[PDB]
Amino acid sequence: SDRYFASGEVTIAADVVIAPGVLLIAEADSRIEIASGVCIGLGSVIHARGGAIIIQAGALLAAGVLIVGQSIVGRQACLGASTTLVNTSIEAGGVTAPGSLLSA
């Protein structure tokens, strides 16, 4: 099935493409924001914890991405497959190699 799952304060722009089985979970004190033109690849898990996770415009997230904590993923940045971001941010136009792990 084509569905994703969201929980908490998640706002998604209308032309965002979200793949199946994506989880978009924001804890109570925290929130998720996805700008327009974004693609979230299959199976990706985004989980805001102590504040916001912002996916800005035209960014691409490959399959198996995991974002935890608080983070800004900059305008039109690209995250390789299986990228794992924990309490770390991506500049605009930034790129992560697949299987990369940025963590603080």
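Start at 1 and count along the sequence shown; that's the residue number.
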Pull the Cα B-factor of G94 out of the PDB entry and bin it into the chain's lowest, middle or highest third. middle
Looking at the temperature factor on the CA atom of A52, which third of the chain's modelled residues does it land in? highest
Could you look up the Cα B-factor of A62 in the entry and say which third of the chain it sits in: lowest, middle or highest? lowest
Sort the modelled residues of this chain by their C-alpha B factor and say whether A28 lands in the lowest, middle or highest third. highest
Third of chain Cα B-factors occupied by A19: lowest
